[PDB]
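Here's the structure, in structure tokens; my notes come after.
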Amino acid sequence: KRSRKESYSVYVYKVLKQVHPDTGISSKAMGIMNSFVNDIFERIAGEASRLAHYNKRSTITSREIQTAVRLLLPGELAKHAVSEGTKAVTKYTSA
Amino acid sequence: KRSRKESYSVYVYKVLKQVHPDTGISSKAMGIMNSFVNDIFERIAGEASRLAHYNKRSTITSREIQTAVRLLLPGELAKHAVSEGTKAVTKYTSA
Amino acid sequence: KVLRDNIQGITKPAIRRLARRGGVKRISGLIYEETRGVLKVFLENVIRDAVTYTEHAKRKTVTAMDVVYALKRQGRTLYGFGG
Amino acid sequence: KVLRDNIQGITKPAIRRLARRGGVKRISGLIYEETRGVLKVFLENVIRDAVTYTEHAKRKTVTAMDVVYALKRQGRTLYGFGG
Amino acid sequence: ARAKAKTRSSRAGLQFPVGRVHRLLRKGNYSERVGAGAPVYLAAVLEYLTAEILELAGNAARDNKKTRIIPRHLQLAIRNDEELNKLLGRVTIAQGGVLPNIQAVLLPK
Amino acid sequence: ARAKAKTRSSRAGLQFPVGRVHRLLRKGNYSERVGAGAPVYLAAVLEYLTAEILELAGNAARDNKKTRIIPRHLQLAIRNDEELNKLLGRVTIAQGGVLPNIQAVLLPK
Amino acid sequence: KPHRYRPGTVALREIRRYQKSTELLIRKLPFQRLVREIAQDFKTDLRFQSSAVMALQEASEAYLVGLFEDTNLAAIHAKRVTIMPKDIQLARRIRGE
Amino acid sequence: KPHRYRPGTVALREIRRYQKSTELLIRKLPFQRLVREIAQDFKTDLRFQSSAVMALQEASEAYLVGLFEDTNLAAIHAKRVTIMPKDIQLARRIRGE
DNA sequence: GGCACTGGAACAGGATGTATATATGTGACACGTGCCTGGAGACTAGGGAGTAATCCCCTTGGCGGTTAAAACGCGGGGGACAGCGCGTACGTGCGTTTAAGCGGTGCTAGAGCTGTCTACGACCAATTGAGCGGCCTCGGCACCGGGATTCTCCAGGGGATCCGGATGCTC
DNA sequence: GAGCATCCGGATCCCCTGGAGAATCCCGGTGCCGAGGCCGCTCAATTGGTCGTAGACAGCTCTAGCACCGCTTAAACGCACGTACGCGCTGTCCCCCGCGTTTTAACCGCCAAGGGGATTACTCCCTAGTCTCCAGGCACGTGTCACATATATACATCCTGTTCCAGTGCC
């Protein structure tokens with residue numbers, strides 16, 4: 001008996017099968033992916049936290065997250081992320 | 001009258017007046033001091049939150065910020081600042 | 001209204017003064033336009049951050065504190081103009 | 001129990017291999033001891049941070065996630081070790 | 001009596017967990033209160049990021065004739081993309097190596 | 001019949017405000033719980049830092065025959081100690097200039 | 001015959017003069033024109049606090065003098081005293097710019 | 001007469017091999033011995049998870065590789081092909097150490 | 001002036017090292033399964049936040065004057081740089097020692113899970129006194145001005161050196 | 001008497017150095033505006049008490065980290081010969097500093113005007129929180145084929161022997 005440990009294996013696996021039905025992973029590569037997603041999540045969340053600090057807003061919104069993405073992500077990665085997140089927010093709002 | 005803007009000037013006047021009763025202060029230098037203390041405050045508070053997360057501790061205590069000072073502030077100031085802080089917290093322990 | 005050429009406003013004697021502050025003994029003639037380009041890169045890199053904070057703040061005017069944030073995000077923290 | 005002189009445990013051919021991965025084709029013989037010193041200072045910094053983290057953990061055993069915390073706080077972030 | 005439970009990731013049409021990332025923000029000590037759409041937006045951003053980097057990794061592995069991705073392929077993916085390299089100049093990948101990169105003067109003739 | 005309102009900064013015997021810094025950590029969003037000794041420790045360490053840097057600024061001002069501190073004194077104070085340089089490697093001081101430093105080969109014979 | 005200093009003498013006196021001084025080196029109004037020109041390329045009709053301009057200035061000379069200190073060190077590493085564009089490119093690449 | 005390559009051709013060969021390769025370049029057991037030896041100076045009786053030692057080994061290897069390619073840039077900048085220690089002090093001091 | 005001597009350039013071929021094709025096992029990747037706790041659903045309190053109105057303040061726009069900075073040109077000296085020689089210092093190849101590395105085994109220290117509770121710390125009404133806005137004065141300092149001191153560059157003066165003449169000695 | 005040696009004195013050539021200008025420093029002199037301190041306000045720290053809960057402690061367990069050990073070569077090392085490189089010198093050429101003269105727009109400073117920060121009020125949209133319920137991700141088992149390893153071909157490559165050719169010295 002051990003305590004359950006959180007992971008992103010199944011979600012990244014689904015995304016990989018979505019982009020590449022025929023490809024596999026190594027476990028070391030998955031460790032890099034977990035470190036990657038946790039790292040980017042930490043970066044964006046902390047940046048949004050200080051934006052919430054700076055406008056004295058005690059509420060964080062997707063506008064703040066979008067500001068952080070445009071601020072941190074270089075180039076068209078930012079605007080692609082804004083497009084995808086905007087679509088997700090709209091179809092979540094409709095659902 | 002205008003709403004209050006809280007700042008750290010007068011404390012700097014008091015501490016300098018203890019260490020150098022004679023000297024004067026230019027105001028933009030005083031702003032540089034406010035930027036110093038606010039910057040170091042944010043660094044130590046961020047390390048405190050990070051260590052409280054890593055030990056999964058809900059409470060910010062002196063002991064982990066001591067750890068944070070040993071991390072960020074190097075060497076001689078680190079050990080001496082530890083000394084004055086331990087003296088201060090023991091004095092507050094004696095109310 | 002619009003502006004088209006102000007990179008030359010950082011004059012060659014001004015760049016010479018900057019080099020004298022940096023301890024540069026001799027300055028080539030090819031240095032100046034490169035410094036104009038590099039300075040342009042840095043100022044645009046920080047001002048895109050600054051305009052991002054200003055549009056997020058729902059303000060139209062650029063404030064200094066946002067510029068301080070924009071420099072400290074790249075770890076080039078400037079002291080004395082906060083608050 | 002006590003180990004005394006493992007600084008030369010980082011052998012010369014290992015440094016040659018690292019220079020090959022670094023893209024160096026020709027390496028002076030006067031390089032290796034300063035590279036040992038630079039590696040030495042870097043490892044001192046990271047394990048000092050690591051033992052500080054571990055001593056906060058009240059553990060006698062250093063662990064990997066504490067090490068990667070020490071690296072990212074030093075600005076040399078690692079992936080692939082439980083981050 | 002009660003409606004069927006429907007996952008919020010399916011509402012957003014996303015693979016990343018809306019509820020888990022929402023909980024992580026709530027216990028991540030970033031704000032006292034979190035808007036509903038912000039974790040959805042963040043999960044979409046991360047999902048796009050992982051999607052593109054996994055596409056690059058799969059293409060690199062297909063170049064290497066391997067059906068399973070390797071940390072070497074990940075290093076090749078990060079460093080051969082300028083924009084991700086600008087995102088990740090300060091990162092270190094375990095067992096990744098570096099790009100094949102030889103300076104031109106180092107070559108003979 | 002309440003006791004006289006005496007202050008925690010005086011209780012630690014220190015000049016920096018314990019209450020303001022405690023409040024600033026409480027709504028600075030670093031934890032939901034905070035101990036009482038942590039703001040005391042924090043006020044102590046910032047007072048020590050300001051004390052030493054103000055010592056250096058005062059000596060720099062007196063060496064330049066000024067009885068009022070200027071940011072040039074602050075720059076000369078921070079840059080003339082290597083350990084504060086490791087504290088402040090990436091920090092910009094307004095109107096500070098740089099240290100008077102000429103490379104030796106630049107000097108004439 | 002009018003007095004004329006040898007090359008580098010007035011340069012080193014400039015080194016001492018501008019390095020002891022803290023006062024500004026960029027003419028503030030052509031700089032502010034450049035700032036507004038770059039700003040209007042990203043969002044139109046931006047308005048500037050003067051302190052925002054000032055900070056943008058202090059930071060720029062800070063970044064530049066960091067580059068020329070690095071440039072001087074790499075140039076004396078290159079056994080020269082005259083700086084060349086490859087040196088600034090090298091300094092930016094070593095900094096990861 | 002036995003075969004012998006001219007110098008550098010071999011060197012470029014293991015440059016290609018090791019820059020292609022992914023494995024750790026330094027010996028393992030002296031690296032645990034060294035990290036135990038130096039961690040002995042800060043605190044007594046430390047125990048090391050092997051994963052932590054491997055992570056330290058990878059971090060050290062990447063840091064040295066970055067330092068070495070920076071010294072490569074410095075050396076080709078100085079129109080030489082052989083590195084010398086002042087390249088390393090230059091690269092570190094430009095980097096900020 | 002030509003033929004022989006010496007240095008140059010193009011070419012082929014062997015040996016090696018790395019790729020490449022195919023056989024094989026193996027263990028790490030991938031999938032099936034129990035579960036339980038973390039996610040979802042519904043209702044409530046309540047509160048940060050968006051928005052309307054104002055105001056004033058701080059930014060923007062424009063216009064005269066002056067000058068210091070900028071810019072252009074001449075000159076030259078200084079510095080980059082190319083090329084050649086030279087001595088060296090790793091590079092590479094062959095042999096050798098060793099010590100890392102792998103497989104195996106035992107002990108255990110401490111990492112980590114689980115139960116208790118008790119110290120400790122957020123929450124809230126009252127209150128007051130410390131801390132900040134307003135103001136006012138003045139003296140530390142910015143600007144101006146003149147003399148000293150120190151730096152710098154040069155034209156010249158001073159020392160070093162060598163050779164010729166005189167003279168005393170000597171044969 | 002004559003020839004030689006040698007010492008002294010002047011010619012000459014190369015190397016130092018004092019002197020003059022000038023840029024900055026330093027000492028007064030003046031007038032000025034930011035700093036510092038006093039005063040009034042206000043809101044935030046403090047006091048006290050309460051209730052809830054987070055971590056310290058204890059205890060147990062199991063697991064992984066260390067220690068020992070025995071082969072087993074891979075790798076470290078070292079030496080030797082060689083050839084490529086750092087570097088130093090030196091000539092050369094031209095690029096930028098110094099300096100002077102002319103332009104100009106930067107800056108002060110002065111005045112008009114309004115765009116928007118920003119600040120208070122209002123009313124409301126959303127979201128933490130609680131309770132219940134349930135299903136998706138994790139633990140864990142299993143099996144299995146993608147890849148590491150191994151071996152046999154195959155070609156790149158890389159360096160050197162072979163062959164043809166141009167420039168130049170002596171008869």
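A note on labels: chains of the structure tokens are A, B, ... as shown, every chain counts residues from 1, and ligands are counted from 1 in their shown order.
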
Identify all residues of chain H in strand (DSSP E) (DSSP on the backbone) and supply them as a PDB file with C-alpha atoms, in the first residue's frame.
```pdb
ATOM      1  CA  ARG H  47      22.653   9.778   2.069  1.00  0.00           C
ATOM      2  CA  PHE H  48      22.115  10.158  -1.655  1.00  0.00           C
ATOM      3  CA  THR H  82      42.931  26.151 -29.390  1.00  0.00           C
ATOM      4  CA  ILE H  83      41.214  27.132 -26.148  1.00  0.00           C
TER       5      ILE H  83
END
```

Contacts of chain F with chain H up to 12 Å, shortest pair per row, only C-alpha atoms, as CSV:
```
residue,atom,partner,partner_atom,distance
F:82,CA,H:97,CA,10.7
F:83,CA,H:97,CA,11.7
F:85,CA,H:97,CA,10.1
F:86,CA,H:97,CA,8.5
F:87,CA,H:97,CA,12.0
F:88,CA,H:96,CA,11.1
F:89,CA,H:96,CA,7.4
F:90,CA,H:96,CA,8.9
```

Output file for the residues above (N, CA, C and O atoms, as a compact mmCIF listing (two decimals), in the first residue's frame):
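And here is the file that came out, result-v1.txt:
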```txt
# COMPACT_ATOMS: atom_id res chain seq x y z
N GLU F 82 31.97 42.65 -3.22
CA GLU F 82 31.68 41.54 -4.12
C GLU F 82 30.45 40.76 -3.67
O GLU F 82 29.70 40.24 -4.50
N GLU F 83 30.24 40.65 -2.36
CA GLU F 83 29.13 39.85 -1.86
C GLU F 83 27.79 40.52 -2.13
O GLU F 83 26.81 39.86 -2.49
N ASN F 85 27.47 42.45 -4.66
CA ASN F 85 27.36 42.25 -6.10
C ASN F 85 26.70 40.92 -6.42
O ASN F 85 25.89 40.83 -7.35
N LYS F 86 27.04 39.87 -5.66
CA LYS F 86 26.33 38.60 -5.83
C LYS F 86 24.89 38.72 -5.37
O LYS F 86 24.01 38.02 -5.88
N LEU F 87 24.62 39.60 -4.40
CA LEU F 87 23.24 39.90 -4.06
C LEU F 87 22.55 40.67 -5.18
O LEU F 87 21.37 40.42 -5.48
N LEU F 88 23.26 41.60 -5.81
CA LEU F 88 22.67 42.54 -6.76
C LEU F 88 23.34 42.49 -8.13
O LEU F 88 23.77 43.52 -8.66
N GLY F 89 23.48 41.30 -8.70
CA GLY F 89 24.12 41.18 -10.00
C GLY F 89 23.33 41.80 -11.13
O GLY F 89 23.91 42.38 -12.06
N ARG F 90 22.01 41.68 -11.09
CA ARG F 90 21.16 42.08 -12.20
C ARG F 90 20.30 43.30 -11.87
O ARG F 90 19.24 43.48 -12.48
```

Name the residues in contact with residue A:53 at a cut-off of 12 Å, using only C-alpha atoms (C1' of nucleotides), excluding same-chain residues fewer than 4 positions from it; report them as a PDB file with N, CA, C and O atoms, in the first residue's frame.
```pdb
ATOM      1  N   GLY A  46       2.110  31.904 -11.739  1.00  0.00           N
ATOM      2  CA  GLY A  46       2.767  32.921 -10.932  1.00  0.00           C
ATOM      3  C   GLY A  46       2.752  34.285 -11.592  1.00  0.00           C
ATOM      4  O   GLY A  46       2.585  35.313 -10.921  1.00  0.00           O
ATOM      5  N   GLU A  47       2.936  34.313 -12.915  1.00  0.00           N
ATOM      6  CA  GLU A  47       2.876  35.579 -13.629  1.00  0.00           C
ATOM      7  C   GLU A  47       1.495  36.200 -13.519  1.00  0.00           C
ATOM      8  O   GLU A  47       1.368  37.395 -13.225  1.00  0.00           O
ATOM      9  N   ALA A  48       0.451  35.386 -13.688  1.00  0.00           N
ATOM     10  CA  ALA A  48      -0.911  35.869 -13.511  1.00  0.00           C
ATOM     11  C   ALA A  48      -1.152  36.330 -12.084  1.00  0.00           C
ATOM     12  O   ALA A  48      -1.894  37.289 -11.856  1.00  0.00           O
ATOM     13  N   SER A  49      -0.532  35.655 -11.114  1.00  0.00           N
ATOM     14  CA  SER A  49      -0.662  36.058  -9.718  1.00  0.00           C
ATOM     15  C   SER A  49      -0.113  37.458  -9.502  1.00  0.00           C
ATOM     16  O   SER A  49      -0.747  38.290  -8.842  1.00  0.00           O
ATOM     17  N   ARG A  57      -6.412  43.335  -8.186  1.00  0.00           N
ATOM     18  CA  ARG A  57      -7.539  42.439  -8.364  1.00  0.00           C
ATOM     19  C   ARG A  57      -7.319  41.167  -7.563  1.00  0.00           C
ATOM     20  O   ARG A  57      -6.326  40.461  -7.755  1.00  0.00           O
ATOM     21  N   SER A  58      -8.254  40.875  -6.670  1.00  0.00           N
ATOM     22  CA  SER A  58      -8.198  39.646  -5.902  1.00  0.00           C
ATOM     23  C   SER A  58      -8.833  38.479  -6.641  1.00  0.00           C
ATOM     24  O   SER A  58      -8.856  37.362  -6.112  1.00  0.00           O
ATOM     25  N   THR A  59      -9.345  38.716  -7.843  1.00  0.00           N
ATOM     26  CA  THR A  59      -9.937  37.689  -8.684  1.00  0.00           C
ATOM     27  C   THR A  59      -9.061  37.511  -9.915  1.00  0.00           C
ATOM     28  O   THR A  59      -8.722  38.493 -10.583  1.00  0.00           O
ATOM     29  N   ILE A  60      -8.690  36.274 -10.209  1.00  0.00           N
ATOM     30  CA  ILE A  60      -7.940  35.974 -11.419  1.00  0.00           C
ATOM     31  C   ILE A  60      -8.935  35.513 -12.483  1.00  0.00           C
ATOM     32  O   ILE A  60      -9.916  34.824 -12.176  1.00  0.00           O
ATOM     33  N   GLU A  64      -6.553  37.743 -17.481  1.00  0.00           N
ATOM     34  CA  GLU A  64      -5.230  37.776 -16.869  1.00  0.00           C
ATOM     35  C   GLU A  64      -4.336  36.685 -17.430  1.00  0.00           C
ATOM     36  O   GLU A  64      -3.146  36.913 -17.682  1.00  0.00           O
TER      37      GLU A  64
ATOM     38  N   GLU B  42       9.734  40.787  -1.669  1.00  0.00           N
ATOM     39  CA  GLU B  42       9.087  39.879  -2.614  1.00  0.00           C
ATOM     40  C   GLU B  42       9.899  38.609  -2.835  1.00  0.00           C
ATOM     41  O   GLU B  42       9.323  37.520  -2.932  1.00  0.00           O
TER      42      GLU B  42
ATOM     43  N   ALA C  57      -4.446  46.812 -17.873  1.00  0.00           N
ATOM     44  CA  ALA C  57      -4.929  47.696 -16.823  1.00  0.00           C
ATOM     45  C   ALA C  57      -6.126  48.526 -17.253  1.00  0.00           C
ATOM     46  O   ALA C  57      -6.623  49.312 -16.436  1.00  0.00           O
ATOM     47  N   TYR C  69       7.932  46.836 -14.099  1.00  0.00           N
ATOM     48  CA  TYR C  69       7.554  45.429 -14.220  1.00  0.00           C
ATOM     49  C   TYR C  69       8.136  44.811 -15.481  1.00  0.00           C
ATOM     50  O   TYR C  69       8.622  43.671 -15.464  1.00  0.00           O
TER      51      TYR C  69
ATOM     52  N   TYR E  30      -2.165  31.524  -5.697  1.00  0.00           N
ATOM     53  CA  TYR E  30      -1.943  32.609  -6.642  1.00  0.00           C
ATOM     54  C   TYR E  30      -2.955  33.732  -6.500  1.00  0.00           C
ATOM     55  O   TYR E  30      -2.621  34.897  -6.742  1.00  0.00           O
ATOM     56  N   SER E  31      -4.189  33.404  -6.145  1.00  0.00           N
ATOM     57  CA  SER E  31      -5.200  34.411  -5.872  1.00  0.00           C
ATOM     58  C   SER E  31      -6.156  33.822  -4.853  1.00  0.00           C
ATOM     59  O   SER E  31      -6.254  32.603  -4.700  1.00  0.00           O
ATOM     60  N   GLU E  32      -6.863  34.705  -4.150  1.00  0.00           N
ATOM     61  CA  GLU E  32      -7.840  34.230  -3.180  1.00  0.00           C
ATOM     62  C   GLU E  32      -9.054  33.626  -3.870  1.00  0.00           C
ATOM     63  O   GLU E  32      -9.731  32.769  -3.293  1.00  0.00           O
TER      64      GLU E  32
ATOM     65  N   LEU F  24       1.055  42.700   5.026  1.00  0.00           N
ATOM     66  CA  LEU F  24       1.490  42.673   3.640  1.00  0.00           C
ATOM     67  C   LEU F  24       1.808  41.253   3.193  1.00  0.00           C
ATOM     68  O   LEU F  24       1.677  40.929   2.012  1.00  0.00           O
ATOM     69  N   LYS F  27      -2.068  39.541   2.944  1.00  0.00           N
ATOM     70  CA  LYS F  27      -2.710  39.772   1.655  1.00  0.00           C
ATOM     71  C   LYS F  27      -1.732  39.802   0.488  1.00  0.00           C
ATOM     72  O   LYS F  27      -2.146  40.111  -0.634  1.00  0.00           O
ATOM     73  N   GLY F  28      -0.461  39.477   0.710  1.00  0.00           N
ATOM     74  CA  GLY F  28       0.448  39.259  -0.398  1.00  0.00           C
ATOM     75  C   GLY F  28       0.340  37.901  -1.040  1.00  0.00           C
ATOM     76  O   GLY F  28       1.023  37.642  -2.035  1.00  0.00           O
ATOM     77  N   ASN F  29      -0.518  37.042  -0.479  1.00  0.00           N
ATOM     78  CA  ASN F  29      -0.870  35.729  -1.025  1.00  0.00           C
ATOM     79  C   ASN F  29       0.343  34.810  -1.148  1.00  0.00           C
ATOM     80  O   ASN F  29       0.763  34.429  -2.240  1.00  0.00           O
ATOM     81  N   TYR F  30       0.914  34.457   0.000  1.00  0.00           N
ATOM     82  CA  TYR F  30       1.983  33.474   0.061  1.00  0.00           C
ATOM     83  C   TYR F  30       1.605  32.241   0.859  1.00  0.00           C
ATOM     84  O   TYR F  30       2.202  31.178   0.649  1.00  0.00           O
TER      85      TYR F  30
END
```

Original post:
Skipping near chain neighbours, those fewer than 6 positions away, what residues fall within 12 Å of residue J:66 using only C-alpha atoms (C1' of nucleotides), listed as number ranges by chain?
Top reply: D: 1, 61; H: 45-50; I: 106-109

Original post:
Mind listing as a ChimeraX atom specification which residues of chain F are within 8 Å of chain B, counting only C-alpha atoms?
Top reply: /F:8,11-17,25,30-42,44-51,54-55,58,67-71,74,83,86-87,93-94

**OP:** For stretch 65-76 of chain H, please output as a PyMOL selection string all residues within 8 Å (counting only C-alpha atoms (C1' of nucleotides); exclusion window: fewer than 4 positions along the same chain).
**Re:** (chain D and resi 18-19+21-24) or (chain E and resi 105) or (chain G and resi 74+90+94) or (chain H and resi 61+80-83+87-88+90-92)

Subject >> Superposition RMSD [C-alpha atoms, order-paired], chain G onto chain H >> reply: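 Here the RMSD amounts to 0.4 Å.
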
**OP:** Could you list, as a VMD selection string, the residues of chain J having an atom within 10 Å of chain H when counting only C-alpha atoms (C1' of nucleotides)?
**Re:** chain J and resid 64 to 66 75 82 to 86 158 to 159

**OP:** For chain J, report every residue with an atom at most 10 Å from chain E (counting only C-alpha atoms (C1' of nucleotides)), formatted as a PyMOL selection string.
**Re:** chain J and resi 126-128+132-135+146-147

Residues of chain D at most 9 Å from chain I: nearest atom pair and distance in Å, only C-alpha atoms (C1' of nucleotides), as a tab-separated table:
```
residue	atom	partner	partner_atom	distance
D:26	CA	I:90	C1'	7.9
D:27	CA	I:90	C1'	7.5
D:28	CA	I:90	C1'	6.7
D:29	CA	I:90	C1'	7.0
D:59	CA	I:110	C1'	8.1
D:60	CA	I:110	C1'	7.5
D:61	CA	I:110	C1'	8.1
```

Original post:
Using the chain letters and numbers from this document, which residues of stretch 13-81 of chain D does DSSP assign to helix (DSSP H, G or I), as a ChimeraX atom specification?
Top reply: /D:13-21,32-56,64-73

Contact set, chain I to chain B: 12 Å, only C-alpha atoms (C1' of nucleotides), as a PDB file with C-alpha atoms (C1' of nucleotides), in the first residue's frame:
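Final output, saved to result16.pdb:
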```
ATOM      1  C1'  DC I 120      -1.160  28.269  17.514  1.00  0.00           C
ATOM      2  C1'  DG I 121      -3.187  31.184  14.662  1.00  0.00           C
ATOM      3  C1'  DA I 122      -7.012  33.401  11.741  1.00  0.00           C
ATOM      4  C1'  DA I 130       1.744  55.698  14.652  1.00  0.00           C
ATOM      5  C1'  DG I 131       2.182  57.083  10.156  1.00  0.00           C
ATOM      6  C1'  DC I 132       1.147  59.945   6.161  1.00  0.00           C
ATOM      7  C1'  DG I 133      -0.645  64.593   3.692  1.00  0.00           C
ATOM      8  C1'  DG I 134       0.207  69.871   4.019  1.00  0.00           C
ATOM      9  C1'  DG I 139      21.205  75.417   4.707  1.00  0.00           C
ATOM     10  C1'  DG I 140      23.435  71.885   1.935  1.00  0.00           C
ATOM     11  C1'  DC I 141      24.282  72.172  -2.308  1.00  0.00           C
TER      12       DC I 141
END
```

Subject >> Separation of atom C1' of residue J:143 from atom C1' of residue I:28 in Å >> reply: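 Pair atom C1' of residue I:28 / atom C1' of residue J:143 returns 11.3 Å.
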
Original post:
By how many Å are atom CA of residue D:66 and atom CA of residue D:83 apart?
Top reply: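 Atom CA of residue D:66 sits 9.9 Å away from atom CA of residue D:83.
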
Original post:
What gap, in Å, lies between atom CA of residue G:58 and atom CA of residue F:95?
Top reply: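 Atom CA of residue F:95 lies at a distance of 7.3 Å from atom CA of residue G:58.
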
Subject >> Shortest interatomic distance to residue H:59 - which of D:73, D:33, D:54, D:46, counting only C-alpha atoms >> reply: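 Among the listed residues, the smallest separation from residue H:59 belongs to D:46.
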
Original post:
Pick the closest to residue H:54 from D:7, D:14, D:64, D:71: which is it, counting only C-alpha atoms?
Top reply: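 So, comparing all the options, the nearest one is D:64.
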
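With only C-alpha atoms as the atoms that count, the minimum distance from chain H to the choices D:13, D:37, D:5, D:20 is reached by D:20.
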